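>>> these are from a larger complex, still in place; more later:
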Amino acid sequence: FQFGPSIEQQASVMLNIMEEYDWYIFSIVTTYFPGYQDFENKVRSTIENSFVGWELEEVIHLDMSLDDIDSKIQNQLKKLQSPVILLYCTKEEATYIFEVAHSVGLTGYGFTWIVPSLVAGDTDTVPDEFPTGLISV
């Protein structure tokens, strides 16, 4: 036994948090890191069941492996216009994605980011590469 949790539950909490602030419109940026499209699947069921017309804008899958000269992550991430972003990746990857988001301008006001447990981790050490106002469980 552990004093811990899972991925589906966390996704649920992310949804509850979004519902609480009534942020209906959101996108998911994910990486090939484990649990993807099971995250998408859990969200698909949780979002789908509800009567409400919330919108999923984009789902993005980018491999941290085959690291980029192209800034392919920048090239995808720059596209998305949505106010509320769910991110899923390894903590370090989160650092890189956030640097890229800072370049893209996705971190700035009115857009907001929401994270599952893994990125915040211990929470003892926080590279300020993470934007402020970052919301996580």
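Structure's in. What do you need? Numbers count the residues shown, from 1 in each chain, chains lettered A, B, ... in the order given.

>>> who's in contact with the nearest residue to residue A:5 once chain neighbours are set aside?
Excluding its sequence neighbours, the residue lying closest to residue A:5 (C-beta to C-beta, 6 or more residues apart in numbering) is residue A:117, at 6.9 Å. C-betas here are computed from N, CA, C, even on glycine. By C-beta atoms under 8 Å, 6 or more residues apart in numbering, the contact list for residue A:117 reads A:5, A:10, A:136, A:137.

>>> Residue A:108: how many residues sit nearby?
Using other C-beta atoms under 10 Å, residue A:108 is surrounded by 11 other residues.

>>> is it fair to say it lies in a helix?
No: assignment of residue A:108 by DSSP: H, G, I helix; E, B strand; the rest coil gives coil, placing it outside any helix.

>>> Name whatever forms a beta bridge with the spatially most central residue of chain A.
When C-alpha atoms, centre = their mean is applied to chain A, the residue found nearest the centroid is residue A:87 (1.1 Å). Counting by DSSP bridges, residue A:87 is bridged to residue A:29.

>>> Residue A:119 is in contact with that one, correct?
Yes: counting by C-beta atoms under 8 Å, residue A:119 is a contact partner of residue A:87 at 7.0 Å.

>>> which neighbours do those two share?
With C-beta under 8 Å, 6+ apart, residue A:87 and residue A:119 have common neighbours residue A:94.

>>> and residue A:79, what is it in contact with?
Residue A:79 makes contacts with residue A:58, as judged by C-beta under 8 Å, 6+ apart.

>>> That one belongs to a helix?
No: Residue A:79 sits outside any helix when classified using three-state DSSP, being coil.

>>> build in chain B:
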Amino acid sequence: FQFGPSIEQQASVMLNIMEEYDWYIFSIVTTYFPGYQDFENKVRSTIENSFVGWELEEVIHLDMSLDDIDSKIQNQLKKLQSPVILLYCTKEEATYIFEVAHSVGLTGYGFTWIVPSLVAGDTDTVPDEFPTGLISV
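If we add chain B to the chains shown above, we get the following:
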């Protein structure tokens, strides 16, 4: 006397070219370089007079001076969704704007760029920073 031309005429040719391919919807990215908003003015008259409902989406004025850490040019340029872009600037500036566009993803297929005489210049030397399919007079 010179075997040459002006700015208004070039803008007219750009319009004729766009009309020929029937690209109705377009935006203008410009810089503080000389002739701006006279370019806008000439276009305003030329576009305005015609019965047709073509659309000007955005006009952007960015100073090459006060060169950017912010990638403010990236920050503006990324926004525009229009298929047909008229650009106006110094040749070198065109190099920088194009690198920025390549980062933004504006150079890619279905979007097309159209240029007045100045950027192509001699045409003897062409940094491949310019995207292919670039259309100019």
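
>>> once more on the contacts of residue A:79, with chain B this time?
The neighbours of residue A:79, taking C-beta atoms under 8 Å, 6 or more residues apart in numbering or on different chains as the test, are A:58, B:105.

>>> That one and residue B:38, how far apart?
Residue A:79 sits 34 Å away from residue B:38, going by C-beta to C-beta, to the nearest Å.

>>> What parts of chain A come near chain B?
Proximity of chain A to chain B, by C-beta under 8 Å from any C-beta of the partner chain, involves residues A:71, A:74, A:75, A:78, A:79, A:103, A:104, A:105.

>>> Let's see that with 6 Å instead.
Counting by C-beta under 6 Å from any C-beta of the partner chain, the residues of chain A lying close to chain B are A:75, A:78, A:105.

>>> Chain A: helices as residue ranges?
Remark: helices assigned in chain A by DSSP state H are A:8-20, A:39-49, A:72-77, A:91-104, A:117-120.

>>> how about those, which one is nearest residue B:30?
helix A:91-104 (23.5 Å; C-beta to C-beta).

>>> That closest one versus helix B:91-104: what angle between them?
Here helix A:91-104 runs at an angle of 140 degrees relative to helix B:91-104 (axes from the mean of the first three to the mean of the last three C-alpha atoms, to 10 degrees).

>>> Tell me which residues are up against helix A:91-104.
A:31, A:64, A:73, A:74, A:77, A:78, A:107, A:119, A:121, A:127, A:129, A:130 (C-beta atoms under 6 Å, 6 or more residues apart in numbering or on different chains).

>>> returning to what we had before: for the residues of chain A next to chain B, pick the one with the most neighbours.
With neighbours taken as other C-beta atoms under 10 Å in any protein chain shown, the top of the residues of chain A next to chain B is residue A:78, carrying 21 neighbours.

>>> How much space separates that one from residue A:114?
Counting by C-beta to C-beta - residue A:78 and residue A:114 are separated by 20 Å.
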